[PDB]
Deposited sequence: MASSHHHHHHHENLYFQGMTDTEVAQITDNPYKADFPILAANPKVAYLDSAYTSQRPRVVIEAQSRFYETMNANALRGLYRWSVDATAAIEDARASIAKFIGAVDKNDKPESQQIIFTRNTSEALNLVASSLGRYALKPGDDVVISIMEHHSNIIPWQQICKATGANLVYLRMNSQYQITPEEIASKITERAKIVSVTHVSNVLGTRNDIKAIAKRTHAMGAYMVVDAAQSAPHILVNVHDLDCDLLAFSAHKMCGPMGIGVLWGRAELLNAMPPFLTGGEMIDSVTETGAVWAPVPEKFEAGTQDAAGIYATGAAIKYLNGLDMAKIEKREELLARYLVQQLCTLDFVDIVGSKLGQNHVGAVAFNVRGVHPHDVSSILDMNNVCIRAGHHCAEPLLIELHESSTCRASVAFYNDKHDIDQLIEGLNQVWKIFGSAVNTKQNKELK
């Protein structure tokens, strides 16, 4: 990296906005791929909703707040129509990405899957984008098909054309792997998927917080991500879908608020998106998620993207200077979005993170909910460090100094 690049990540104009980091300046939090830290504005927005907006008790606001939040979320992912109006009615709220993928697998699977059909996923998938397809395929008689990686941890155009055939009905691929950091060519996968007449589902849990996402450039039919990974509150997931697909898909959870009317023996469903939101929703979490969108918009998501590119490059570069460290993913920093998996040679990841915790460095150890991928690469356990825009050069240097300490003991 150039000297001006190192100077940019040396400075940190962002970490002061996060109360947990400002109050604990010695801690290097490098596990944003699991969940983010919360900006003060997001925490305050949640408390302000409960203090002043709960159940519109001061009406003599809250309903408009949820709509305003859907619109800002829809804009943020490029879900705007021809006339620059946000597609707010195509935003559905869940608890997390996992529930959104269970919704798609159950509703779209019941709608479309017949025995003999193919559901195509990749070997990189998070468990939440694997097991729901295992379940719905067993229930419908469809076949679960896996896209494989090449040697540089990419899905090749040849693999895309060979696995996505005329038998394919649903294709669900992660946008960015939570272990390898690989950014998949979702646009190219969707092109082949649509040429076979199949639906395209995108797990954007690791791409929404780190790279620009435009649903209309990505050519996808459905897309899901989690708010708690992009500086939002916990307990809020987002599902976007094409309007007419959401209209045709049957409901997932049923009960109050998702109907138009109910009799003893039947019920009539409410329109999208209320059709997919059963019971009282987390209005405070939705409001705080809108505050997270406004916060990220204020920092300019393009400038967040570039800074996190530089932090990923510095992380891999410093990790490569350690002869006792083997990177599990690609060895090029330009090929890592967010996460970098690695292992200290001959040391349990439990022992690595235990020493780093003593050095006030927070990283992730274990399977990272991607066990089929690790089985594929003959890895039983791995360490994972990840960068966010509120990290800096000093956080990564703290990791390196802690890793050198690990080698001293082991």
Identify which parts of the deposited sequence carry no C-alpha coordinates, going from the N-terminal end onward. 1-18, 79-84, 435-447
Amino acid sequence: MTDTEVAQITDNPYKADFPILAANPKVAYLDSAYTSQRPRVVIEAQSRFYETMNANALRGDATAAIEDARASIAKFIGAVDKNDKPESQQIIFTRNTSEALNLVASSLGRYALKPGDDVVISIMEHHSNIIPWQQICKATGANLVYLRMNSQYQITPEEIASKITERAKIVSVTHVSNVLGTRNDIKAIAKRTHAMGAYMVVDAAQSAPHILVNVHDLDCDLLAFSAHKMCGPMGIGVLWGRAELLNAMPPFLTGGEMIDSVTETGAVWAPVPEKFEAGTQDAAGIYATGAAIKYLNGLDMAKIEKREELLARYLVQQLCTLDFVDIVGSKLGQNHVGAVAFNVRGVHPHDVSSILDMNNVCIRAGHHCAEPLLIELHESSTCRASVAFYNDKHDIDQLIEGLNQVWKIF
From here on, numbers count along this sequence of modelled residues.
Report the stretch with the higher mean CA temperature factor, choosing between 83-91 and 169-177 on the basis of the entry. 83-91
Which is higher on average in the deposited entry, the C-alpha temperature factors of 224-232 or of 149-157? 149-157
Going by the entry, which of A188, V120, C320, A292 has the most elevated CA B factor? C320
Using the entry's values, work out which of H367, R48, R38, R59 has the largest Cα B factor. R59
Sorting by Cα B-factor within the chain, modelled residues only, which third would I327 end up in: lowest, middle or highest? highest
CA B-factor ranking of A64, expressed as a third of its chain: highest
Entry-reported C-alpha B-factor of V238 relative to its chain, by third, is lowest
Based on the entry's values, in what third of the chain does the Cα temperature factor of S32 lie: lowest, middle or highest? middle
Sorting the chain's modelled residues by C-alpha B-factor and splitting them into thirds places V347 in the highest
